[PDB]
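Heads up, the Cβs are rebuilt from the backbone with ideal geometry, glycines too, and the neighbour counts pull from every protein chain shown. Values in this text are rule-based calculations from the coordinates and carry no lab data.
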Amino acid sequence: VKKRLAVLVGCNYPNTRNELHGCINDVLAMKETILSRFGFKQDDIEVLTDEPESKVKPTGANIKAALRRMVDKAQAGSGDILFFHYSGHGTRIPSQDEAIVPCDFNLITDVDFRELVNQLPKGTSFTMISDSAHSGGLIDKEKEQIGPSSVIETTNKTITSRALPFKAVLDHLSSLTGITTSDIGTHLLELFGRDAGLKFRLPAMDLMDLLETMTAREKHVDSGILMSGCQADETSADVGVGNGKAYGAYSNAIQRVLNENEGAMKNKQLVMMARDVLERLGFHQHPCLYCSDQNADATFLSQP
């Protein structure tokens, strides 16, 4: 008895200055895919989207809580399959760290995702697809399998960047605290307390030891699989078709690859084919893959 668990997050930030249009559609499309093709069950899928009528908003605390509940349920030797999809804004913190932007701006950074996957026992898998800017590297120190160190007219589509500049994020938070410091950690700790990211709540000395501790475990267990929408220094495109059916370019490329290839695919094959789709379609972003050598050759979501 193997578990198939999913957390699907989409942030459109609707009726705000940072609105996106395709992120919730990405969640709904991927939900239908894992239900039909990959054998996931409805009650094993948590959906967090920020449409105004939503019951559970994708705040930083709600996302981290849903991910923590999943990773704690994986059992050693079980082969449990855990899946996390994110569509929304991404940002980069200078001197670099990558982050996703929950709807309340309680940033979740690459060290938070490293701490999360370090809870997993050997034999289980955590597959993360992050259709967001600066998403390459979102699992700190996870080995790059496809990316700049290991591997056509521009699209005519209407596109919107899924990046929020760091200055925009810092200004939004400073508006809430009234503090004039440029240290984003100070704002996040004041606003979110223990729900703030690891980088911002721990003292400098304690963060160093935790980094060494997390580095130590990676030599024994490596269960994390990151499929990013773009490189660390890139953005990911939100696509407007022209009829009201927006989508993330990368999430849609994944759908196209899956539609053309019903058989089981290795993780590296899915990413390589998604890159080819986006390149052919004139998008500039380059999806990347971070995982162990063994998981690069493993089947995506352990499809039969």
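A few notes on this one:
- Residues of the stretch 82-101 satisfying the condition of being farther than 19 Å from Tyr250 by Cβ and buried (at least 24 other Cβ atoms within 10 Å of the Cβ): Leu82
- Elements of the type helices (runs of 4 or more DSSP H) sitting completely within the stretch 164-212 and holding at least 1 residues that are more than 22 Å from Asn18 (Cβ to Cβ) and not hydroxyl-bearing (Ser, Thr, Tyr): these cover 184-192, 198-201.
- The residue that is surrounded by the most Cβ atoms within 10 Å (Cβ to Cβ), counting only those in the stretch 275-304 that are of a type outside the set (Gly, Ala, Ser) and closer than 15 Å to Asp238 by Cα, is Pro287.
- Which numbered condition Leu48 misses (of (1) assigned to a strand (DSSP E or B); (2) in contact with a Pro (Cβ under 8 Å, 6 or more places away or on another chain); (3) surrounded by 24 or more Cβ atoms within 10 Å (Cβ to Cβ)): (3)
- Within the stretch 87-99, the residues that satisfy the criterion of being closer than 22 Å to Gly185 by Cβ and touching a strand residue (DSSP E or B) at 6+ places or on another chain (Cβ under 9 Å) are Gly88, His89, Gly90, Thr91, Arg92, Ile93, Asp97, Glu98, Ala99.
- Flag if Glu279 is over 23 Å from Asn118 (Cβ atoms), among the acidic types (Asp, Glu) and in a helix (DSSP H, G or I): yes
- Pairs where the first residue, in the stretch 235-256, is over 19 Å from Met128 (Cα atoms) and the second is outside any loop (DSSP other than H, G, I, E, B) and among the charged types (D, E, K, R), C-beta under 8 Å, 6+ apart: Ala246/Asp238
- Among the residues of the stretch 8-24, those identified as crowded, with 21+ Cβ neighbours inside 10 Å and not β-branched (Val, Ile, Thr) are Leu8, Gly10, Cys11, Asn12, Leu20, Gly22, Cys23.
- Condition met for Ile34 (closer than 23 Å to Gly248 by Cα and touching a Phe, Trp or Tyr at 6+ places or on another chain (Cβ under 6 Å)): yes
- Residue that is nearest to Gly244 (Cα to Cα) [pool: residues in the stretch 51-75 that are β-branched (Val, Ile, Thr) and part of a helix (DSSP H, G or I)]: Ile63
Residue-wise test of (1) of a type in the set (A, V, I, L, M); (2) in contact with a strand residue (DSSP E or B) (Cβ under 7 Å, 6 or more places away or on another chain); (3) closer than 27 Å to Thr127 by Cβ.
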{"residue": "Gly185", "(1), (2), (3)": "no, no, no"}
{"residue": "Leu191", "(1), (2), (3)": "yes, no, no"}
{"residue": "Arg194", "(1), (2), (3)": "no, no, no"}
{"residue": "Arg201", "(1), (2), (3)": "no, no, no"}
{"residue": "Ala204", "(1), (2), (3)": "yes, no, no"}
{"residue": "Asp209", "(1), (2), (3)": "no, no, no"}
{"residue": "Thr215", "(1), (2), (3)": "no, no, yes"}
{"residue": "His220", "(1), (2), (3)": "no, no, yes"}
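- Screening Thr154 against (1) farther than 23 Å from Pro94 by Cβ; (2) surrounded by 16 or more Cβ atoms within 10 Å (Cβ to Cβ) leaves a single unmet condition, (2).
- Selection status of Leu301, in a helix (DSSP H, G or I) and not aromatic (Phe, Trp, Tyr): yes
- Any hit, the stretch 110-119, residues being within 24 Å of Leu28 (Cα to Cα) and not in a helix (DSSP H, G or I): no
- Residue count for the stretch 32-45 satisfying the condition of being in a loop (DSSP other than H, G, I, E, B) and either on the phi < 0 side of the Ramachandran plot or buried (at least 19 other Cβ atoms within 10 Å of the Cβ) (or both): 4.
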